[PDB]
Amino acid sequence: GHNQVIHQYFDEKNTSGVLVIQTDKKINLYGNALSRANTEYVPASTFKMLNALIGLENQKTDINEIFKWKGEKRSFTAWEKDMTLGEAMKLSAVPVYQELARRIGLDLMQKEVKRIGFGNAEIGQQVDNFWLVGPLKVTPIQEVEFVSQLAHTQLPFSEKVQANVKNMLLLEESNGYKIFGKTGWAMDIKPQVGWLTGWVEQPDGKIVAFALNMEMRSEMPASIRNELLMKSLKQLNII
């Protein structure tokens, strides 16, 4: 349950980051830059959790809808295919979620973001990028609470919608343990910010929420978010 080791982990990967842990409304901070936890960063793709919630609750889409790829080149070849909301969730396929955001529209999206009170709750005028380059910003502490509420089905949306989004977030399942989460990586801002937000469902159903937030660099493999999370959750004996 320390705290200096976990500091060494961040130290070793030459990054600046924080790991926010929330266990039944008790919050703990870890990593090598704890002041990040109350610092506002753009959510990047972590916002997909909320985008989906808003989209499903307002019936702009459903979990079965197949989003058609219409041929434009995308940032990743893995994105160039028809997919569902859930598939797009697993791949962080931005263009699908931008299509969703456009269906929702600026009015509906702004209203929802403030009703939920997400981060600074400002989305500006472009409904299809506000979470990648601003103006929307959120603290890693705000994210762990958000995701904690989602895990407990406590967000101001219908339970079926929350359960549908939770089902899209399963990352690993081993030894009676479940890890749910969403990565983010805002590459077009400086400094770059990487996220891994989610929760652990322990074999007895106890839920432990986490929000990893770290400064990123282009040379980094994306899986560095996963490694820094996974070895920390092991140190704290959460898995």
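Take the two forms, find the largest set of C-alpha atoms that superpose within 1.5 Å, and that set is the rigid core. Sequential numbering from 1, following the sequence displayed.
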**OP:** Figure out for me whether 186-194 or 203-211 is the more displaced stretch in 6 other deposited structures of this protein, taking RMS C-alpha distance from the shown form once the rigid core is superposed.
**Re:** 186-194
Original post:
Hey, after superposing on the core, which one moves around more in 6 other deposited structures of this protein, 81-89 or 98-106, CA-wise?
Top reply: 81-89
Subject >> 157-165 versus 74-82 - which carries the larger mean C-alpha B factor in the record >> reply: 74-82
Original post:
Out of 42-50 and 209-217, which one has CA B-factors that are higher on average in the deposited record?
Top reply: 209-217
**OP:** Identify, among 27, 179, 56, 196, the residue whose C-alpha carries the highest B-factor in the deposited PDB entry.
**Re:** 27
**OP:** Among all modelled residues of this chain, ranked by Cα B factor, put residue 129 in the bottom, middle or top third, i.e. lowest, middle or highest.
**Re:** highest
Original post:
For residue 173, does the deposited CA B-factor place it in the lowest, middle or highest third of the chain?
Top reply: highest
**OP:** For residue 33, return the chain-relative third of its C-alpha B-factor as stated in the PDB record: lowest, middle or highest.
**Re:** highest
**OP:** Among all modelled residues of this chain, ranked by Cα B factor, put residue 204 in the bottom, middle or top third, i.e. lowest, middle or highest.
**Re:** highest
